[PDB]
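Report on the following structure.
Here the Cβ is made from the backbone with ideal geometry for all residues, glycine too, and neighbour counts use every protein chain on show. Where a number appears in this text, it was derived from the coordinates with a stated rule and is not lab data.
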Amino acid sequence: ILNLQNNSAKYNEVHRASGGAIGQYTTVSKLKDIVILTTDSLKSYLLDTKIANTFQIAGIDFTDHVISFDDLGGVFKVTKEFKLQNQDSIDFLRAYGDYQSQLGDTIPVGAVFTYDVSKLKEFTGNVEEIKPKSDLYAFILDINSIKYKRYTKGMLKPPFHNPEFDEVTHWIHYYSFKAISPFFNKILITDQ
Amino acid sequence: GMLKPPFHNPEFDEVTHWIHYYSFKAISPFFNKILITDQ
Amino acid sequence: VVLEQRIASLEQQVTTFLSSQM
Amino acid sequence: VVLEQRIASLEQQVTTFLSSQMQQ
Amino acid sequence: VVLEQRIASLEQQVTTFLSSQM
Amino acid sequence: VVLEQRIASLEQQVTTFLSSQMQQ
Amino acid sequence: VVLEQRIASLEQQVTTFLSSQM
Amino acid sequence: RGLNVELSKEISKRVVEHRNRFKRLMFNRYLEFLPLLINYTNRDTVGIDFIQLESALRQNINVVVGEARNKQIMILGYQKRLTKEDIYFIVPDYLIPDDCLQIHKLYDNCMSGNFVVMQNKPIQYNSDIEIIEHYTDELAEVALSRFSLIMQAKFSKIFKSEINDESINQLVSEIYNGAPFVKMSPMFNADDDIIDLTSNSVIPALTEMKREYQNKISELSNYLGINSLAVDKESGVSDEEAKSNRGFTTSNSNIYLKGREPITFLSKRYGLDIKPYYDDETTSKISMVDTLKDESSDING
Amino acid sequence: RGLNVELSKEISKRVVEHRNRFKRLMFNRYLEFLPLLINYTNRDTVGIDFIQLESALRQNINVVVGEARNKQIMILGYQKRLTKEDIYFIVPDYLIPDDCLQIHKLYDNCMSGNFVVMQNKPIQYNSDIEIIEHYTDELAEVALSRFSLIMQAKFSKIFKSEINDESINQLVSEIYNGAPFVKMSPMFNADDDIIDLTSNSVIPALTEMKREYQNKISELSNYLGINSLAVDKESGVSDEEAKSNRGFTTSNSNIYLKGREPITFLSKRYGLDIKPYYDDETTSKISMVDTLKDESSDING
Amino acid sequence: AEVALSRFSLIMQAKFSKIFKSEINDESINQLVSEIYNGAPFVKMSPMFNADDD
Amino acid sequence: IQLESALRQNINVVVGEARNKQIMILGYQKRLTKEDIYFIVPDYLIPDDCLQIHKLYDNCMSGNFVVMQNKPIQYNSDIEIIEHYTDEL
Amino acid sequence: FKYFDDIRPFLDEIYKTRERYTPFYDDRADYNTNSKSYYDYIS
Amino acid sequence: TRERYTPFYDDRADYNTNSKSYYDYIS
Amino acid sequence: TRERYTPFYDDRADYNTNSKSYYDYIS
Amino acid sequence: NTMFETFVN
Amino acid sequence: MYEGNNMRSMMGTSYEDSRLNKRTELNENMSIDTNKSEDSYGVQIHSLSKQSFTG
Amino acid sequence: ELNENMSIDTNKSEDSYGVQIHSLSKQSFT
């Protein structure tokens, strides 16, 4: 975090961008925007060992930029686009609210699941999981790199009444665009 | 006069700017200084 | 307008109180 | 009349400085 | 306009003070 | 009235001479 | 106009002075 | 380097680029403008950035204006079951009422604490970002046909002779240098031998195509309420000249106004006048002819 | 030295030079003008060089006008998260406020310390330096077709006879010297023997092409708001004569005005009147017919 | 709806080309390139009827 | 007349004061001009004192030497447009 | 100075074009016929 | 823009698709 | 301007490009 | 040889 | 010393200062405001305001 | 939307020192 806030052409991902294949481009960071991203186990460690047992924290505590999670993955990612075959997987999906899946549907690789589903016979091998393998994992940013565009203007659709079964029905839409920009300083730390 | 007045090229309908400045830097050999490394 | 200004002052005073006991 | 304006200007000055260190 | 002129004079006086102790 | 103009002219004369040797 | 005329006279007098000590 | 150009039917790709770019441009321009038409007695006393309101209204999210510290900051608001509390999402930071909110519509006329929701359109059936896609492709290909029509409307005077240096000296020294009285051989050498390729099957076609572009703009225009209507009332050109059927364009203008009717519900509460008018004004000559008060001379000049 | 000229189809390079130079000229002229249309009750009391403002606004950089020493010097300014401090880039030198700045939009109506940002256009979708490239090529080739049409509209009277000194003495002493009653041999010697090359397939084509150039200028014009609109209201020529669809040209004029609306937000703060009007005035006769006060006689003459 | 059909179908086929007609490989292509779309007047051609409503 | 002829060769003239009576002088982000650094066409009527540009320092206060452009933003000279139509004409 | 460089990054150089944006409606290529492309390709 | 076929090359692959159209050869 | 072919010269290079067009000879 | 610019002839 | 008319059009009026403007600046402050790691022993991670840099 | 605050009013263990007892507030129900 001392390396990020200097005048340097390093540390960004400008060389993945369109014109920045050849070229040189410098950035800085201001530390009024940096966040780190670890497990809660790492947060519990440095809260328990580092800032606890160091004798001097007069301005050294960077704990106010720490996002924590119980683990960094329960989300599952599709490979090998396939068709789902079994009734047991589908009414397993009905437990999670997926009303629209039947035995006529395919699974693209643009989809995620966000719950533990890989025990299903139609998901082993196809669907993998998002997790750092080494679990000693610090991914430090600034907030100006990540960007997060939700849309909730038509947030609640009008209800459908259906008097003949006497059964009202509601829908909820919302749109979302979660991406990051490679034009800022990013450092990943693992044992990979 | 660190930005000079601009130049328009109407043959390409274009605006070109220059920036000039005169920098100078040196070390005076008359003050104390040391160095710690593995030469 | 004067009433609105007075209300704003009251709100700011309340906010100030809500941060320090002094 | 003049005071009404300066009193309005200083209250916004207090409010935009209280929010710099607020809990809000 | 008079108030603006007075303000300008105050600013210039402050600037003058900020350059010399005399 | 006349003074208001000469007083404005001399303040700009002071300000455009202070900036010739200013720290600004 | 009168002020301008006076200014012109002052300038001419200064010019005259700037050429001879008398 | 890498270069080997196609032909000079590159134009037949440039033509379709003009059409494609025209559709993209006219579509996003028309929705670049459309969230500002009303503006409703602009900032009499009320702290609303109305531009940010109207942009929010045309993505159909029901905004809610109420009180924050008695000064009407916008908030977002997403048989009759009444709404009271601040259950909805709130966009400002600390200015929240933290107290009894209500909808000020039918609880009384002018009494309840203010948080009124404003619909874009009173009853919603189809979004008008689809109608703007509905006409802009039809408009795109008529702009195609205009551009293709004026791109081939260019004219040469073909000389026709057995080639090498008989008629070249003719046109040089006696046509483009303007010379009358050019003398020629009796060998039929202008007995309709020089010919003109003209495109007078193209220029009568040109004006009617522009009128089709024009009234298709007007037939998109009166759909979304943006109209030349009031000046057409005072100009006496009311019907079948402006081929628009006035009773339909004063119809579609009115639905957007009575969608923003709850700003009057708010206006009755705090004792002020806000009417949703419909902007059609463009200045420095209209503001001059409506005043002709000598202080308005020192304003403009 | 080095010289060997092509032919006299040099004109067919001069023609394409006229087209190319016309596109370059009309394009950069049209953006040479476009950053001055509004000018907004020009320097009532406010120290802004508005020409330098409008030039900055049409490169879309959000300028910020505030106070410097109570006299409104321009500065540059590059859901609602509020801006307060002087974090932005500052163009003046020592006149900086060095104190509490704010945006004066929604914190209150007319209270906060002034630094208001002015957008070029309220909601930005496409830059209008692309639309000016969009029509100027189409305009360029219609200017090509006009120039090519009047360059070949020149006319000679062809004499046709077996060559050496039969008909030359005829035209000399009896046509260009104007003489009536020229006597000739019976050998068919004017039985449509002299012929005229005319281009009456070109001059009916000429006027319609100028009308296409003209209304294409008008169809670029009403896009970017520059309009003949207010005088068209008082002249009663409102629709389908000026083929422009008035509700679209009063539409695109208005978006630029309400882009510069935050100058009214500033104007409410320091107690003064600044309205963004839309300039359409051109003087020495308009200023005479609007006043006809005898002091305006000693001004002009 | 069907009169809107007929308007859309009418303006969708109202688009116009200038057909050149010649035996194919590189006789008339150089003609239209350097002398029609580049706007040139005074194009010279062979006597082989090569624009006699060709 | 001598001003407008000078303006259409695009040289930025500067009118100020000479002895309080506005004689013309020639004048060839914002970096301010103050002094009489520019070329001066009159002979002895020079201000020999504090000049300034009277544009943005204040509205109506600074000592006068204001520059007048022919055209606010300059892109093409109109001696080319007059060559552009006169051959067609 | 004997360097068998490698065979593949030479056979792509004969099938490679940058394709810069040369504008139409300029005097760089006036008639923009397909001849200057041939000159610039074979040279 | 300005769609150019910057390679213009020679081939060594052979064809007699015993088929009515492109379509039936795809089938 | 005024595009002139100020050289106008003689050549000594020879050609029978066994090819359909310029294009196929480039290939 | 000439690539030029100048104007204002 | 010699007067003539020391203002001619350009580069006779440029041997003086000639409009000192936009001097190179530490408005954004390295080594103090940034290159900073004296960040207090706080409580929680409250927020990091994300701003779309229009200007 | 977020109304109740995670990561500021929650995800805290930086707040407890006192040598005491009874954070045990069984709150009332809906």
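The requirement of being facing chain H (nearest Cβ under 10 Å) and assigned to a loop (DSSP other than H, G, I, E, B) is fulfilled somewhere in the range I:202-214, by at least one residue. Taking the condition touching a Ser or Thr at 6+ places or on another chain (Cβ under 7 Å), facing another protein chain (nearest Cβ under 9 Å) and in a loop (DSSP other than H, G, I, E, B), does K:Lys34 pass? It is true that K:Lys34 is touching a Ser or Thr at 6+ places or on another chain (Cβ under 7 Å), facing another protein chain (nearest Cβ under 9 Å) and in a loop (DSSP other than H, G, I, E, B). Annotation: of all residues in the range A:148-180 being of a type outside the set (A, V, I, L, M, F, W, C) and within 24 Å of A:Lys131 (Cβ to Cβ), the one that is farthest from the chain's Cα centre (by Cα) is A:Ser176.
Report, by residue number, each residue of the range A:180-192 that is out of contact with any helix residue (DSSP H, G or I) (no Cβ under 7 Å at 6 or more places or on another chain) and surrounded by 10 or more Cβ atoms within 10 Å (Cβ to Cβ). Full working, then the answer.
Applying the first criterion (out of contact with any helix residue (DSSP H, G or I) (no Cβ under 7 Å at 6 or more places or on another chain)) to the range A:180-192 yields A:180-181, A:184-192.
Selection gives A:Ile180, A:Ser181, A:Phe184, A:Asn185, A:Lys186, A:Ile187, A:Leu188, A:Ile189, A:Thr190.
Reported count of residues in the range H:228-265, each being touching a helix residue (DSSP H, G or I) at 6+ places or on another chain (Cβ under 9 Å), of a type in the set (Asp, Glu) and either on the phi > 0 side of the Ramachandran plot or more than 9 Å from chain I (Cβ to nearest Cβ) (or both), is 1.
Within the range H:153-170, which residues are buried (at least 16 other Cβ atoms within 10 Å of the Cβ) and polar (S, T, N, Q)? Steps first, please.
The initial filter retains those residues of the range H:153-170 that are buried (at least 16 other Cβ atoms within 10 Å of the Cβ), namely H:153-161, H:167-168, H:170.
If the condition is that a residue be buried (at least 16 other Cβ atoms within 10 Å of the Cβ) and polar (S, T, N, Q), then H:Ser156, H:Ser161, H:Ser167, H:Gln170 are the ones that fit.
Across the range K:59-73, the qualifying residues are those that are closer than 18 Å to K:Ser5 by Cβ and either touching a helix residue (DSSP H, G or I) at 6+ places or on another chain (Cβ under 9 Å) or small (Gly, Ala, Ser) (or both), and the one among them that is surrounded by the most Cβ atoms within 10 Å (Cβ to Cβ) is K:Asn70.
For residues that are in contact with a helix residue (DSSP H, G or I) (Cβ under 9 Å, 6 or more places away or on another chain) and surrounded by 11 or more Cβ atoms within 10 Å (Cβ to Cβ), scanning just the range N:4-22, find the one that is nearest to M:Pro7 (Cα to Cα).
Filtering the range N:4-22 for residues in contact with a helix residue (DSSP H, G or I) (Cβ under 9 Å, 6 or more places away or on another chain) gives N:17-19, N:22.
Still in the list and also surrounded by 11 or more Cβ atoms within 10 Å (Cβ to Cβ): N:19, N:22.
Numbers: N:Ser19: 17, N:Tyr22: 13 Å.
So, considering only residues that are in contact with a helix residue (DSSP H, G or I) (Cβ under 9 Å, 6 or more places away or on another chain) and surrounded by 11 or more Cβ atoms within 10 Å (Cβ to Cβ), the one nearest to M:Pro7 (Cα to Cα) is N:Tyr22.
Scanning the range I:58-74 for residues that are closer than 18 Å to I:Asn114 by Cβ and within 29 Å of the chain's Cα centre (by Cα) yields a count of 5. Would you check which residues across the range K:27-54 are among the hydroxyl-bearing types (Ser, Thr, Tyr) and within 12 Å of the chain's Cα centre (by Cα) and list them? Correct list: K:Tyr28, K:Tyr38. Of the residues making up the range A:6-34, just one is surrounded by fewer than 15 Cβ atoms within 10 Å (Cβ to Cβ), closer than 27 Å to P:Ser47 by Cβ and of a type in the set (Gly, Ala, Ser), namely A:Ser8.
Residues checked against (1) under 24 Å from the mean Cα position of the chain (by Cα); (2) facing another protein chain (nearest Cβ under 8 Å); (3) of a type in the set (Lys, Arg):
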residue	(1), (2), (3)
A:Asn3	no, no, no
A:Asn6	no, yes, no
A:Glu13	yes, no, no
A:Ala17	yes, no, no
A:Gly23	no, no, no
A:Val35	yes, yes, no
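In the condition set (1) polar (S, T, N, Q); (2) assigned to a helix (DSSP H, G or I); (3) surrounded by fewer than 19 Cβ atoms within 10 Å (Cβ to Cβ); (4) more than 9 Å from chain I (Cβ to nearest Cβ), H:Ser173 is compliant with all but (4).
Only residues that are in a loop (DSSP other than H, G, I, E, B) and of a type in the set (A, V, I, L, M) were counted across the range A:120-154, and they come to 5. Looking across chain E, the residues that are loosely packed, with under 11 Cβ neighbours inside 10 Å and under 20 Å from I:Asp44 (Cβ atoms) come down to E:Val2, E:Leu3. Applying the criterion of being of a type in the set (S, T, N, Q) and surrounded by 12 or more Cβ atoms within 10 Å (Cβ to Cβ) to the residues of the range H:91-138, the residue that is nearest to H:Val65 (Cα to Cα) is H:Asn114.
Against the numbered list (1) among the hydrophobic types (A, V, I, L, M, F, W, C); (2) under 15 Å from the mean Cα position of the chain (by Cα); (3) within 12 Å of chain P (Cβ to nearest Cβ); (4) farther than 26 Å from F:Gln21 by Cα, K:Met24 comes up short only at (3).
Could you pull out the residue among H:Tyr135, H:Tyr107 that is in a loop (DSSP other than H, G, I, E, B) and more than 14 Å from chain A (Cβ to nearest Cβ)?
Sole residue among the options that is in a loop (DSSP other than H, G, I, E, B) and more than 14 Å from chain A (Cβ to nearest Cβ): H:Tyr107.
Only a single item in (1) over 30 Å from J:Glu27 (Cα atoms); (2) hydroxyl-bearing (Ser, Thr, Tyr); (3) more than 9 Å from every other protein chain (Cβ to nearest Cβ) is not met by H:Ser55, and it is number (3). Can you say whether A:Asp98 is assigned to a loop (DSSP other than H, G, I, E, B), more than 27 Å from A:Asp33 (Cα to Cα) and not hydrophobic (A, V, I, L, M, F, W, C), as far as the supplied structure shows? Considered against the rule, which asks whether it is assigned to a loop (DSSP other than H, G, I, E, B), more than 27 Å from A:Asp33 (Cα to Cα) and not hydrophobic (A, V, I, L, M, F, W, C), A:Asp98 comes out as yes. Under the condition of being away from chain I (no Cβ under 11 Å) and either under 17 Å from I:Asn28 (Cα atoms) or of a type in the set (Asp, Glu) (or both), the residues counted in the range K:58-89 number 3.
In the set K:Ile40, K:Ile73, K:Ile11, only one residue is outside any helix (DSSP H, G or I) and in contact with a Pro (Cβ under 7 Å, 6 or more places away or on another chain); that residue is K:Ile73. Within the range H:183-199, residues that are at the interface with chain I (Cβ under 8 Å from one of its Cβ atoms) reach partners that are among the charged types (D, E, K, R) with beta carbons closer than 7 Å, at six or more positions or on different chains, in the pairs H:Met184/I:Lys160; H:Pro186/I:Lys160; H:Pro186/I:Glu162; H:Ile194/H:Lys157; H:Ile194/H:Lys160; H:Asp196/H:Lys157.
From the set of residues in the range I:215-227 that are in a helix (DSSP H, G or I) and either in contact with a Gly (Cβ under 6 Å, 6 or more places away or on another chain) or at the interface with another protein chain (Cβ under 10 Å from one of its Cβ atoms) (or both), which is farthest from H:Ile150 (Cα to Cα)? Applying the filter and picking the extreme gives I:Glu219. Looking only at residues in the range A:121-132 that are within 16 Å of A:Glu81 (Cβ to Cβ) and among the hydrophobic types (A, V, I, L, M, F, W, C), the one that is surrounded by the fewest Cβ atoms within 10 Å (Cβ to Cβ) is A:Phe123.
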